[PDB]
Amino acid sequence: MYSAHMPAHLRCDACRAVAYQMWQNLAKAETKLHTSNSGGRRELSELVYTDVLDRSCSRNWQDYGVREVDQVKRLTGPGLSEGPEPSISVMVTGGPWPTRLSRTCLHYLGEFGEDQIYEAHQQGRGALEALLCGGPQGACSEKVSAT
């Protein structure tokens, strides 16, 4: 409970949480600023998408928490369920989790860059998640790379 790092089994969940909140914050800014709809997209200027992304990591992360599911700890919250869940779940929020999620969020900005993240956002929520979390070495990779 003392580490500021995200536990290893939770890195995929954390990555999906970050991708979801980056997408939400950019979409809300496109709406708030009445961004023009040209060519099927609403495109923020570079200063604005950079500011929105950089500040998204400073959000209140009290909507994410840790629960036990089939005897293993998992992180959940907005965006991490494909639909509503049939059964109640009890999760613990706060404590170390906001510091851990904000750290993960800020490090993804530096790893991929705001320009590249915004371009993936324009292709959709799924493309943003694929950029940050997918492919042979992402936190959500489904490939057992040969070693």
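When you see a residue number, it is the position in the sequence shown, counting from 1.
Averaged over C-alpha atoms, is the B-factor higher for 90-98 or for 65-73 in this PDB entry?
Here the higher of the two C-alpha B-factor means belongs to 65-73.
Test of understanding: from the entry's C-alpha B-factors, which stretch has the higher mean, 9-17 or 132-140?
Comparing averages over the C-alpha atoms only gives 132-140.
From 35, 56, 116, 45, which pick has the Cα B-factor that tops the rest in the entry?
Highest C-alpha B-factor among the listed options: 35.
Go through 29, 106, 120, 80 one by one and give the residue whose Cα B-factor in the PDB entry is largest.
Spelled out: the listed residue with the top C-alpha B-factor is 80.
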